[PDB]
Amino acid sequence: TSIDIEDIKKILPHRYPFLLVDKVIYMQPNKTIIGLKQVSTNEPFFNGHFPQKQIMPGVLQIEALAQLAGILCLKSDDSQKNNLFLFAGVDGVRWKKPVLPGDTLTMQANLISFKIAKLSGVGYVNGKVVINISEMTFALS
């Protein structure tokens, strides 16, 4: 079920400057989620990273995916009345290609286990893989 940006902030507690999901285009509960984060020069981190070369910081690509991952969790089982999810561990992260101003970062997250929730995440720009995440781990606290 497709989601525009007002409804994301109803699920997630993240606000500016640390909401890194712009749209949710496809979601299947307990299974997968697809979404995007538009990379514009008009974002606050870009001045710091870097003055002479504007490149999306890798860690913020993790955060992006992790957030989209967390939307899936909250919409797969919100029985625990808590939207405050905390990153507990992350493993097998590979950055292949610089994400630059102008790109669309398309993102896919797959639920492995919900016991502590564990997920994987891929990031595409132009159908080409830019980030890989073997395993994001999350523990609503």
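Note that residue numbering follows the sequence shown and begins at 1. Rigid core here is just the name for the largest C-alpha set that superposes within 1.5 Å across the two forms.
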* Structure fact -> Core-fitted, the stretch whose Cα atoms sit farther from this form in 6 other deposited structures of this protein, 125 to 133 versus 16 to 24, is 16 to 24
* To do: After fitting on the rigid core, pick out whichever of 56 to 64 or 38 to 46 shows the bigger RMS C-alpha deviation in 6 other deposited structures of this protein.
  => 38 to 46
* Other entries lacking residue 81, at least a third -> yes
* Unresolved residue 102 in a third or more of other entries flanked by modelled residues -> no
* Please say, as none, 1 to 3, 4 to 9, or 10 or more, how many residues of the deposited sequence are without coordinates in the interval between residue 115 and residue 116. => 4 to 9
* **Of 14 to 22 and 127 to 135, the one with larger mean CA B-factor** => 127 to 135
* To do: On mean C-alpha B-factor from the PDB entry, just flag whether 39 to 47 or 85 to 93 is the higher one.
  => 85 to 93
* When you compare the CA B-factors of 110, 54, 104, 67 as listed in the entry, which one comes out on top? -> 110
* Based on the entry's values, in what third of the chain does the Cα temperature factor of residue 76 lie: lowest, middle or highest? -> highest
